[PDB]
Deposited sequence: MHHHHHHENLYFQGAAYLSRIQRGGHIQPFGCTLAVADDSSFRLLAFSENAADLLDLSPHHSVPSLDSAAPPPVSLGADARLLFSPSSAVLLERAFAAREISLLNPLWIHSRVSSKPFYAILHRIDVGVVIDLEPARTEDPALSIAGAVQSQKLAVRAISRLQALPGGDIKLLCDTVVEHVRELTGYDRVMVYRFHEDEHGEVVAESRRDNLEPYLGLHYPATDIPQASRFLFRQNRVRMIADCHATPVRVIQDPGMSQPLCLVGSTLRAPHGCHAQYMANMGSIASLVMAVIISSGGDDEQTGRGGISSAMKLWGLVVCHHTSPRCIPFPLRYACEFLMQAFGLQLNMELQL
């Protein structure tokens, strides 16, 4: 309504921008049991230690990974619901470098985001997975244990639990006003950082396109706003840029990358606060770091279900 004069501003370059963040790599793979590579980020061979090259259009994507990894991929692709197995713990074929693989389906096939695992030891990997999930359930029960009719205390508790879970320098709750401008209504930050609590920002800083995408893609991580985006090489038969809207590694729009650089938020993690209207974006939990940061997928998943629990409790206290 207030941003009506923008139309669908930015939506095409956010959905199909052609670039990923360099901390990981992306593969698009045929969804017909051939595992043919349809597209790959130009850094894939480098990140997989693999410089007919194994990373080339039409090659078998399974041959990038260890033989036991290929079996997990075959299972995940054939599963009734691909999201249930995310993330896969898989190894590159030649170097045995471990990755979390996050799979999703698009128009043309399956996208695989590969995020390097910053531990080889499987047991410490499991210990990280486990601790996060149990931290989210603990956070959720602590939100359940909260005296009702106090949205401010709910927001102040959320920011403390998310800051302990994620380790970001600054964690905020950003609430959208009626006129679509926002306000920082709760903050937990490193004590040598200037507070943003109580600050108001124009509606135009978060365009309708971005607000809309947060309904389907509820958690977005940016590892380094200064990182050079990586282009996607695609099969010449694809008539438009790959859909990256569901990718964990989608590069920020250059206007946002510059916004983050000007704010000194080198890294961010942004999560949707969704309530019933059938669903409304009430606000965001916005995490900033003053250095690069890329937390493992299991911690981001644990945040996502904490945020579902926050939305439901918030939606109860609002209808009440």
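Q) Counting from 1 along the deposited sequence, which stretches were left out of the model? A) Those stretches are 1 to 7, 59 to 70, 297 to 310, listed in order.
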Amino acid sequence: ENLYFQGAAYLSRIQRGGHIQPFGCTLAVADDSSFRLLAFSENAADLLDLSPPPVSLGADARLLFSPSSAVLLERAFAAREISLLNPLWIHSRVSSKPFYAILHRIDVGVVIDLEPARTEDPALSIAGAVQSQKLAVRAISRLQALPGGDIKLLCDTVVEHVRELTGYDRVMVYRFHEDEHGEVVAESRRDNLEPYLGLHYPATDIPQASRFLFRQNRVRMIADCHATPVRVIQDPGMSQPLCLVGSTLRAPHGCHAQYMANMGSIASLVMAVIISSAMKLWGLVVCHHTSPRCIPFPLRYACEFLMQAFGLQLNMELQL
From here on, numbers count along this sequence of modelled residues.
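Q: Read off the CA B-factors in the entry, average them over 307 to 315 and over 10 to 18, and name the higher stretch.
A: It is 307 to 315.
Q.
Tell me which stretch has the larger mean Cα B-factor in this entry, 138 to 146 or 118 to 126.
A. The deposited B-factors put 118 to 126 ahead on the C-alpha mean.
Q. Looking at 33, 276, 291, 43, which has the biggest Cα B factor in the entry?
A. When the deposited C-alpha B-factors of 33, 276, 291, 43 are compared, 276 is largest.
Q) Per the PDB entry, which option out of 228, 216, 234, 248 has the greatest Cα B factor? A) Of the options given, 216 has the highest CA B-factor in the PDB entry.
(Q) Splitting the chain's C-alpha B-factors into thirds, which one does residue 169 fall into? (A) Middle third, going by the recorded CA B-factors of the chain.
**Q.** Third of chain Cα B-factors occupied by residue 204
**A.** Lowest third.
Q) Once the chain's modelled residues are ordered by C-alpha B factor and cut into thirds, is residue 111 in the lowest, middle or highest one? A) Lowest third - that is where residue 111 ends up once the chain's C-alpha B-factors are sorted.
Q. Thinking about Cα B factors across the chain, which third does residue 189 belong to?
A. Middle third, going by the recorded CA B-factors of the chain.
Q) Lowest, middle or highest third of the chain for the C-alpha temperature factor of residue 51? A) It belongs to the highest third of the chain when residues are ordered by C-alpha B-factor.
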